[PDB]
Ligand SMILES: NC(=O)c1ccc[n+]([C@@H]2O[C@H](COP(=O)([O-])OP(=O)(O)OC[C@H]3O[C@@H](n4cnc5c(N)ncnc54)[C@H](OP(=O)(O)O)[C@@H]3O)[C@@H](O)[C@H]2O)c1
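Just the one chain here, the form deposited without the ligand, laid out as structure tokens.
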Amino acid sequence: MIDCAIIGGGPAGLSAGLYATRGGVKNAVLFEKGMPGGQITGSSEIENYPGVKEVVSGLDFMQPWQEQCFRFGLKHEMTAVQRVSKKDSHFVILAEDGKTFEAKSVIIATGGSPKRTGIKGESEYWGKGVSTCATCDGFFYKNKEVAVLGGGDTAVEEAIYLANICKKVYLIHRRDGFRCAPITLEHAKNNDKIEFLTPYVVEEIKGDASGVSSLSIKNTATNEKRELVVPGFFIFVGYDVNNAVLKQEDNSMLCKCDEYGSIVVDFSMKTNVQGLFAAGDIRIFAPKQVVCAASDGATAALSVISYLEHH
């Protein structure tokens, strides 16, 4: 049987694979549903990963992780995992095509992803002024005006944050009400760098071959239109954790999760189930940065190594 099954090949899974294998686990298998590297791969540039000084596309950034993380004997399975279950004191991995794999320990490194909006120009201008990460990209817009789209905590919090960097922030929402914490909303209503554009819809993201120049918006109260000139547009429209592999046949969850579906872990990346670990954007309080995910992967692998030593 597999000693350790790593589900997901982003930074968390790749680091887990590096560490497990370098730590003497002889049969570690990384499961990836096609295209190693994870979310960063959609980025046109990453510059805040500590210790890598060259600014380069997410795909180029991740590509040396392939030969390094596989250098010490890691194996691959190219397949979408459907489900992980507990069986006696081990685990069963069910592949979506119906094949099965058993493993002594499992690391869930399945991450998540930002909801998209499907507004016209979103895909065309993505990385040229359309963004999903204020931490990653907010600094490029240092003395400028920027727009934020969204209704919950992340949207309002990110508008406060960008208001600290940018000359001005338009906060665009379809409703006068925000599905977020009321005190954070009060801070934003009392921050003079944030103009609220409510109730609005973004009808098109417009610009030229260098990226965004403006948004076509409509007030749904009056239907008056407006062309809003901004180099930067941040969308914070919800996040989906890739939970699905946790769901059992009787619809129960494999391990304890928080009320948003993230997996509960302690500082050693352990879940409440013995021999099951989690790492990356999938776990509670994940800061959602590559270094963070990589760190989790390393610490989960170290935990696996101790676990296999004792069982």
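One-based numbering along the sequence shown.
K.L.:
Of 226-234 and 177-185, which one has the bigger average CA B-factor?
P.N.:
So the stretch with the higher mean C-alpha B-factor is 177-185.
K.L.:
In the PDB record, does 246-254 or 22-30 carry the higher mean Cα temperature factor?
P.N.:
246-254 has the higher mean C-alpha B-factor.
K.L.:
When the CA B-factors of 55, 276, 263, 62 are compared as recorded in the entry, which is the largest?
P.N.:
Of the candidates given, the C-alpha B-factor peaks at 55.
K.L.:
Select one of 105, 110, 198, 131: the residue whose C-alpha shows the highest B-factor in the crystal structure entry.
P.N.:
In this record, 198 carries the highest C-alpha B-factor of the candidates.
K.L.:
Would you please rank residue 71 by its C-alpha temperature factor against the other modelled residues of its chain and give the third it falls in: lowest, middle or highest?
P.N.:
For residue 71, whose C-alpha B-factor we compare with every modelled residue in the chain, the answer is the lowest third.
K.L.:
Just say lowest, middle or highest third for the CA B-factor of residue 156 relative to the other modelled residues in its chain.
P.N.:
It falls in the middle third of the chain.
K.L.:
In terms of the chain's CA B-factor thirds, is residue 217 lowest, middle or highest?
P.N.:
According to the entry, residue 217 has a C-alpha B-factor in the chain's highest third.
K.L.:
Please rank the C-alpha B-factors of the chain's modelled residues and tell me whether residue 45 sits in the lowest, middle or highest third.
P.N.:
As the PDB entry reports it, the C-alpha B-factor of residue 45 lands in the highest third of its chain.
K.L.:
Against its chain's modelled residues, does residue 147's Cα B factor rank lowest, middle or highest third?
P.N.:
It belongs to the lowest third of the chain when residues are ordered by C-alpha B-factor.
Quick note: we don't show the form solved in complex with the ligand, though the next part is all about it.
K.L.:
Using a 4.5 Å heavy atom cut-off, which stretch among 210-218, 67-75, 188-196, 172-180 contacts the ligand in the deposited complex?
P.N.:
After filtering at 4.5 Å, what remains is 172-180.
K.L.:
Check residue 157 for me: does it contact the ligand in the deposited complex (non-hydrogen atoms, 4.5 angstroms)?
P.N.:
Output for residue 157 is yes: heavy atoms within 4.5 Å of the ligand.
K.L.:
Going by a heavy atom distance of 4.5 Å, is residue 85 a contact of the ligand in the deposited complex?
P.N.:
No.
K.L.:
Please tell me whether any heavy atom belonging to residue 227 falls inside 4.5 Å of a heavy atom of the ligand, as the geometry stands in the deposited complex.
P.N.:
So residue 227 does not count as contacting the ligand.
K.L.:
Within a 4.5 Å heavy atom cut-off, is residue 232 in contact with the ligand in the deposited complex?
P.N.:
Residue-level check for residue 232: no, no contact with the ligand.
K.L.:
Among 102, 153, 203, 124, which has any heavy atom within 4.5 Å of the ligand in the deposited complex?
P.N.:
Residue within 4.5 Å of the partner: 153.
K.L.:
Taking the ligand as it sits in the deposited complex, which residues of 258-272 have a non-hydrogen atom within 4.5 Å of it? Please list them.
P.N.:
Just 260.
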